[PDB]
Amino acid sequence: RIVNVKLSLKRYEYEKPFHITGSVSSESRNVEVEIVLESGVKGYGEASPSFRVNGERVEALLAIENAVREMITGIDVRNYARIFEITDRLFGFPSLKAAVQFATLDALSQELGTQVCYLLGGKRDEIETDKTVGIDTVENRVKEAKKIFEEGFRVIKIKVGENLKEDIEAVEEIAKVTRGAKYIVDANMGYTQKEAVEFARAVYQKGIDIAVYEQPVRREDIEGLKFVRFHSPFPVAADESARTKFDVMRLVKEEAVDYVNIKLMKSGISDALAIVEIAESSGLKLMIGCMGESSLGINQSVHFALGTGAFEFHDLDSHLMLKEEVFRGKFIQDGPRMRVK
């Protein structure tokens, strides 16, 4: 049983400012979660709160430490479903919900003598992540893309959303110098429905293929997501629009998207598991993403992906963008490849 829970502020600085539509980040402020069991076992998780997406603020997460402690201490991690249901009440603190739920599985797997990925199915032994090119001048974007390409990455995620004309140019210029790579374009809600369609058609006309076109429109515009899906050639994904299992059931019912970018930071383990099942029971396909997690945090998604093996693409590169002294993941990072120990 859980005898204590501790929350701690952990700051990581980006190697370079990370610019996306409506947001520039120079630092990633996360909340580390440690769960202690009567047996002495300690489970760890990391919350990377998002004000833009989840409406969270790091100070707010740290402020409810006592409440979280009261909610879960006294429960046996072998009854993890009880912990999941309880933490589901933390829908206003989803990144914390995620960190606590994973810490629970982390502690449980240790007690059972296995790893989290195996507890979840042990589907895959290896996955590959893409790497992101933040918004910058076309010249700098091209430079970064070439660099990411030389590092061995074959899926390059390109941020766009603030300047349609320049975004088109940027994608076209990046494609020319990274022949052989697949591309994921993420607008982070920056385009109107029609601009989103025009962006896709312009790129398509140049003979470029986009593997996943992430959240082109505003989060509440479900009909807009569908409009883009039905009027442009590339698979459309919901990110900001897909936070809970309920959001996904609606997206599927409305036939709004081809993909859903699952993020533990938005859904927690509980909703992520539901979303994986919904996707496997429908025409929906999935990719797994991240926010500002460090290696300890990305580890949560690596085990989820390896265990479920439910993702077509993996955008788990936040830890590669942050400055960190010691690697704290429970997985092996081999270039773009991530493997189980």
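Quick note: we count residues from 1 along the sequence shown, nothing fancier.
Asker: If you average the CA temperature factors over each stretch, which comes out higher, 54 to 62 or 22 to 30?
Answerer: Looking at the record's C-alpha B-factors, the answer is 22 to 30.
Asker: Of the two stretches 191 to 199 and 141 to 149, which shows the higher Cα B-factor on average in the entry?
Answerer: Looking at the recorded C-alpha B-factors, 141 to 149 comes out higher on average.
Asker: If you check the C-alpha B-factor for each of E223, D239, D209, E255 in the entry, which is highest?
Answerer: That would be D209.
Asker: Please rank the C-alpha B-factors of the chain's modelled residues and tell me whether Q205 sits in the lowest, middle or highest third.
Answerer: Ranked within chain, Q205 CA B lands in the highest tercile.
Asker: For the chain shown, is the CA B-factor of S39 in the lowest, middle or highest third of its modelled residues?
Answerer: According to the entry, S39 has a C-alpha B-factor in the chain's highest third.
Asker: Tell me, lowest, middle or highest third: where does the Cα B factor of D247 rank within its chain?
Answerer: Lowest third, going by the recorded CA B-factors of the chain.
Asker: Using the B-factor values recorded in the entry, state whether the Cα atom of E169 falls in the lowest, middle or highest third among the modelled residues of its chain.
Answerer: Highest third - that is where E169 ends up once the chain's C-alpha B-factors are sorted.
Asker: Going by the recorded CA B-factors, say which third of the chain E70 sits in, lowest, middle or highest.
Answerer: As the PDB entry reports it, the C-alpha B-factor of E70 lands in the highest third of its chain.
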